[PDB]
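Chain and residue survey
So you can see what is in the structure, the chains are spelled out below.
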Amino acid sequence: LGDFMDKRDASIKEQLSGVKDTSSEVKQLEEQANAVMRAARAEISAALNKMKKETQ
Amino acid sequence: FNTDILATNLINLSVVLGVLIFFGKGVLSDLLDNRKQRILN
């Protein structure tokens, strides 16, 4: 019975941690996506400027 | 070794064990169930 109690409690605590783990993983995913999108935009802008300046 | 029968030893014990099992399953299920709900939360 002691083992059963432990198993159930661990299963629940583990579920909470995983749920906590998943939330952090999704926050990281969102941050990475945001950073990547910024790079695209900024990168291209810089490119044109440098390219625009060279053309000029 | 042999059993001793008399209705004095246990009538006092049946009322006690009934009161304790009823009010104990009440407050024990309430507490234990509350703890389970918190773990689920």
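Deposited coordinates in this entry are attributed by the record to cryo-EM, at a stated resolution of 4.2 Å.

Chain B is annotated in the PDB entry as ATP synthase subunit b, chloroplastic of Spinacia oleracea. Here the PDB entry title reads "Chloroplast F1Fo conformation 2".

Per the PDB entry, chain A goes by the name ATP synthase subunit b', chloroplastic and belongs to Spinacia oleracea.

What about the overall build of chain A?
What chain A contains, in helices and strands, is 1 helix and 0 strands. Expressed as a percentage of its 56 residues, the buried residues of chain A come to 2%. Accessible area for chain A stands at about 5500 Å²; split by element, carbon and sulfur atoms hold 56% of it. Distance between charge centroids for chain A: 11 Å, based on 10 positive and 10 negative side chains.

Let's talk about the UniProt feature "transmembrane region" in chain B
In the numbering used here, UniProt assigns the feature "transmembrane region" to residues 6–28 of chain B. Within the segment residues 6–28 of chain B, helix and strand shares are 78% and 0% respectively, and the terminal C-alpha atoms sit 33 Å apart.

Section: the side chain of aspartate 9 of chain A
Mapped onto the secondary structure, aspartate 9 of chain A falls in helix α1 (residues 2–55). Given a relative accessible area of 19%, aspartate 9 of chain A falls into the buried group. One polar contact links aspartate 9 of chain A to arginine 35 of chain B, side chain to side chain, over a distance of 2.8 Å. Look past the residues within four positions of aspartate 9 of chain A in its chain and what remains in contact with it is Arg35 and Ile39 of chain B.

Remarks on a nonpolar patch on the surface
Residues and elements named next belong to chain B. Residues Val15, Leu17, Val19, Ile21, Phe22 and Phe23 make up a contiguous nonpolar surface patch of roughly 660 Å² in combined accessible area. If you trace the backbone, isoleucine 21 turns up in helix α1 (residues 11–40). Under the relative-accessibility criterion, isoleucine 21 is labelled partly exposed at 38%.

Rules behind the numbers
- Residues numbered from 1 in each chain as written, not as in the entry; some residues may be left out.
- Chains lettered and ligands numbered in written order.
- Part of a larger assembly, values for the part shown.
- Heavy atoms only, no water.
- Helix = DSSP H or I, 4+ residues; strand = E, 2+ residues; numbered from the N terminus.
- Buried < 20%, exposed > 50% of the residue type's maximum accessible area, 1.4 Å probe, protein only.
- Areas by Shrake-Rupley, 256 points an atom, 1.4 Å probe, with all protein chains shown as cover.
- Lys, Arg positive; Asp, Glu negative; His and termini not counted.
- Charge placed at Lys NZ, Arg CZ, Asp CG, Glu CD.
- UniProt positions renumbered as here; feature names shortened; annotations may be inferred.
- Polar contact = N/O pair within 3.5 Å; in protein donor to acceptor, adjacent residues only side chain to side chain.
- Contact = heavy atoms within 4.5 Å.
- Patch = residues over 30% accessible without salt bridge, like charges linked within 9 Å, V, L, I, M, F, W, Y side chains within 5 Å.
- Salt bridge = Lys/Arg side-chain N within 4 Å of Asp/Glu carboxyl O.

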